[PDB]
Amino acid sequence: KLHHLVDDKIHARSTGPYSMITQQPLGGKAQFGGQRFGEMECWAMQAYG
Amino acid sequence: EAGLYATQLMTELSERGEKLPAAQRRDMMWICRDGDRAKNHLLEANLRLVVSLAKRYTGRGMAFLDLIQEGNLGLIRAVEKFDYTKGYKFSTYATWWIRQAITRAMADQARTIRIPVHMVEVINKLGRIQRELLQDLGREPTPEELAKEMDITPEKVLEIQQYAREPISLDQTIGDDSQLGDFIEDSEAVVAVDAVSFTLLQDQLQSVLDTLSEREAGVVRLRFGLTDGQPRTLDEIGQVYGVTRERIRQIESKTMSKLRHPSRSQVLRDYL
Amino acid sequence: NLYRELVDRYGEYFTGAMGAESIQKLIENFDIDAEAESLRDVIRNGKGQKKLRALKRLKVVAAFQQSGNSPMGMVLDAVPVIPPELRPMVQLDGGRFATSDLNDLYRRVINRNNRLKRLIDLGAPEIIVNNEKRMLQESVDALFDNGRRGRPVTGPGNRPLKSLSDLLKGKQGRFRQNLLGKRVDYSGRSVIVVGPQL
Amino acid sequence: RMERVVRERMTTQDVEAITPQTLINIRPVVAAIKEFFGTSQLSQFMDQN
Amino acid sequence: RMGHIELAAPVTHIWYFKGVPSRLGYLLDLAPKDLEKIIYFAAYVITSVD
Amino acid sequence: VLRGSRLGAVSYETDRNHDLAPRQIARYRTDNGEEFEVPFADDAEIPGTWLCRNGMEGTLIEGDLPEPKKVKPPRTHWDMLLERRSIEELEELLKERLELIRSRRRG
Amino acid sequence: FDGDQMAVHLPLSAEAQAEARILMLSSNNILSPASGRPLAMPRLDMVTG
Amino acid sequence: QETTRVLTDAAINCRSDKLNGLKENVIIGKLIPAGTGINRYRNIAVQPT
Amino acid sequence: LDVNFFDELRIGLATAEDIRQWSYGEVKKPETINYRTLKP
DNA sequence: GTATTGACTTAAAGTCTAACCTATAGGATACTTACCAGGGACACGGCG
RNA sequence: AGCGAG
DNA sequence: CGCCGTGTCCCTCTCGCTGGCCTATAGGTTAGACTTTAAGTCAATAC
Ligand SMILES: [Mg+2]
């Protein structure tokens, strides 16, 4: 039984802490972190129109 | 000294003075310029002394060139306050001035949060004393030892070491990809839930206030400054309505008693 | 030594300077129109490597002509200071304050500028004041770009100080880590497991 | 580092007034050891799964 | 809101000096070594001649 | 989270643009002929000198002009010399220097 | 499915919901935009079956 | 790429960005001029028949 | 203000006059906050 | 319940005095120069 | 720094 | 005026997790209590 249990992997967020110099909330399950929406994902969205 | 005296004397005679003869005036200006020339020559000569002295303050606090320039300022001050009639070598006197200038600059322009000098000296003292008691006791001296060796209350040792906590950098890669900056939560941002909570609180408070009689609403409003953010006492509301202070006080008491009734409390609890 | 001998002897007939202010004077005494016209004539009539260097120079000498931009913006007399909350000083848990790594470069610039002011006010030999001016130039350079010239200005731990240009360049810069890609609310993550009944 | 501080102070040491205990400063050595065993990359957090 | 430091002496923007090609050098036709010498107080330069 | 703060705080208070305290724009003039408006509140004396955006202090542009005084130049090398030497020896040294230069020129 | 985590984003506005429902719906994207060959066709276990 | 060179040259040239591509619109956080963001689909007028 | 009144974005050299026109003051002292009261 | 007066006590200033920080100066044996990548593109100095 | 998916 | 060699600059994937010295002077600041004043409070009363 490997130590990659889903209980430590699940995470969700609707609102929480926001970074200091910029907004775009803190990342990480340790904080209440939002999931990074990078440039590749944004290109995929642009391709979808 | 001769150049300085010539400059001062001509400054004196620049106002209600005498038209000095061309030859004498020309010679005297040569003397003043020679005085400044001698000052520059001396400073250029002892720049090496300044560098050699500042060598021993390197590696801690600030950069090396800043130390050299502060030492140069100190040496200029020493040359300003140097006496030869006392018959002593220039280096002996200028060393103390350069040391003082460098140490003062270290005290001032070395820490992002400036601790004034006297505090700086007492903390540097604390550090040295704990270093020596570390040399002797071996284990880091506990606050008691420092307080004893420093003739201040131990709580003062605490605060002297609290003021001297150097900041850190929020641009440190915490790994050894992530800077410490983007791990720190802005604790003064609109949390977006208390904001809507406050909006609905104001809405429901306004409604429940509209329930009670109009005069009652007015008195409580202008008592806590809800209408425009300015709270006032009984006297002001009495003045504006042209009634003695006591009536406003009485109606306020009645208003509080009414609003405290369980009827108009379950519509306002869960907001406190 | 040669310069000083010249100045004391044929001091008039020529003005010489040293440092950024000298470049300031050069740009001041520089008519862009005549230089551009001469360069255009040289590129049109001449040929070879001389024409190549002439042509590259006309990609910067034309830019300051086509637009009504002065070539003076290169030389600074005032350095803008970024708003404080873009370089925050935060009381982290435990009281330990956290600087922004830009207050250090700004502090260095201001220290050296004030020291230059005091050195000029007192009256100092040209050696010390010129050294101070060179240090001020280096401080502004380090503020705008660390490590571009000489060893980078290092902070505690023997690491370079994050300058004012490092915020913009790279995969971890501002243009690419905080503008085209952002962290978003209303998002989650989890391990996926096949569902064939869906 | 301790050697360098010893040499530097030796010039300002009054002859016959000095003993190795008052001539040796151990702080650089302990500081180096402590900064190695913590924050050195080859001194890794023990992996006990 | 921004501030500004009033430099006691002028300085040159590094982006227009060190960034190859040296735009200051191309504008003034000064070799990059010469520009670096002048700007960092390593060699004098003549700005006017009657 | 490390949970830092910028010190200061927030204050949600419904922004009002309607009932606002009365203001009296006061003009100041720096040394380099640069005017600068400053919206001071009426219920306070308008100061006679303001550190304007220019970075240098400017006096009020109306009348008044109190024109105070301050300490003369913090110190000076001549003043420091006079705290360790007197006039007679300085004059004697000046005479020695003058005679030396005169001998240099004409002997 | 050997630990392949994935992220879930929630469209909020009417336009976002409409785009997610119409443009990006998984049952609307069968053919690969590259070559047009189907990408949702059965594979592995289903092909064997 | 090459942010410093690009900005140096753009500053020297007084280049004005018309904000017409997809990356610029994404950067400034306004609708990209593609797909549903173009001027013919965005301002569709909708009303009951 | 609004992303509709964002037609262009010009970049150019900022002369010293522009730099001191942006500024609301001049940082003259190399200080950040008080050591004890922790205030600007 | 809603119109008042006459005491009766109370916190908030408003101010004077005292100590504890703060900006600053000074210190006279003599000491005088610190310290492991590649891969591509472009530009500068030598040589023919 | 170790570590996971591709 | 070409060809060559050397120096310098920019680039090198996405997402995610865990945790590691001393002295002397002068001047400004605050804290602490005293005195005053606007402020909150109670008791009896008349309509
Ligand atoms: Mg996998």
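Cut-offs applied
Residues numbered from 1 in each chain as written, not as in the entry; some residues may be left out. Chains lettered and ligands numbered in written order. Part of a larger assembly, values for the part shown. Heavy atoms only, no water. Residues with missing side-chain atoms left out of burial classes, pairs and counts. Helix = DSSP H or I, 4+ residues; strand = E, 2+ residues; numbered from the N terminus. Buried < 20%, exposed > 50% of the residue type's maximum accessible area, 1.4 Å probe, protein only. Contact = heavy atoms within 4.5 Å. Areas by Shrake-Rupley, 256 points an atom, 1.4 Å probe, with all protein chains shown as cover. Near = heavy atom within 4 Å. Polar contact = N/O pair within 3.5 Å; in protein donor to acceptor, adjacent residues only side chain to side chain. Buried area = accessible area lost by both parts, 1.4 Å probe. Salt bridge = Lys/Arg side-chain N within 4 Å of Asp/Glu carboxyl O. Pairing = 2+ DSSP bridges.

Determination of this PDB entry was carried out by cryo-EM to a resolution of 3.1 Å, according to the record.

**Remarks on the overall build of chain A**
Across its full length, chain A carries 2 helices and 1 strand. Helices and strands appear in chain A in the N-to-C order α-β-α. Overall, the C-alpha framework of chain A stretches about 40 × 30 × 15 Å when taken along its three principal axes. Counting all 49 residues of chain A, 37% fall into the buried class. Across chain A, the fraction of contacts at a sequence separation of at least 24, relative to all contacts at a separation of at least 6, is 3%. As displayed, chain A has an accessible area near 2900 Å², and 63% of this comes from carbon and sulfur atoms.

**Topic: the side chain of A:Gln35**
Looking at the element boundaries, A:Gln35 is found in strand 1 (residues 35–37). A relative accessible area of 11% means that A:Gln35 is categorised as buried. In this structure A:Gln35 touches A:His11, C:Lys182, C:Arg183, C:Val184, C:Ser187, C:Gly188, C:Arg189, G:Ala7 and G:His9, once residues within four positions along its chain are discounted.

**Points about the protein's contact with DNA strand J**
For DNA strand J, the set of nearby residues contains 37 residues, the closest of which are B:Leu49, B:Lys81, B:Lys89, B:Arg247 and I:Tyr35. In the interface set of DNA strand J, defined as its atoms within 4 Å of the protein, sugar plus phosphate atoms amount to 59%. Taking B:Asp83, its main chain carries an N or O atom lying 3.1 Å from a base nitrogen of DNA strand J. Within the side chain of B:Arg104, one N or O atom sits 3.5 Å away from a phosphate oxygen of DNA strand J. Secondary-structure elements contributing two or more residues to the surface near DNA strand J are helix 2 (22–54), helix 3 (64–80), helix 4 (90–108), helix 5 (117–137) and helix 11 (245–260) of chain B.

**Some remarks on the interface of chain E and chain C**
Listed per partner, the contact involves 41 residues of chain E and 55 residues of chain C. For the pair chain E and chain C, the summed buried surface comes to about 4900 Å²; carbon and sulfur atoms form 69% of the total. Across the salt bridge formed by E:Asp29 and C:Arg53, the nearest N and O atoms sit 3.7 Å from each other. For the interface between chain E and chain C, the tally reads 18 residue pairs in polar contact. Among the secondary structure elements, those contributing two or more residues to the side of chain E that touches chain C are strand 1 (3–12), helix 1 (23–28), helix 2 (32–39) and strand 2 (45–48) of chain E. The pairing of strand 2 (residues 75–81) of chain C with strand 1 of chain E spans 6 bridges and is classified as antiparallel. Residue pairing across strands places C:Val75 opposite E:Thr12, the latter belonging to strand 1 of chain E.

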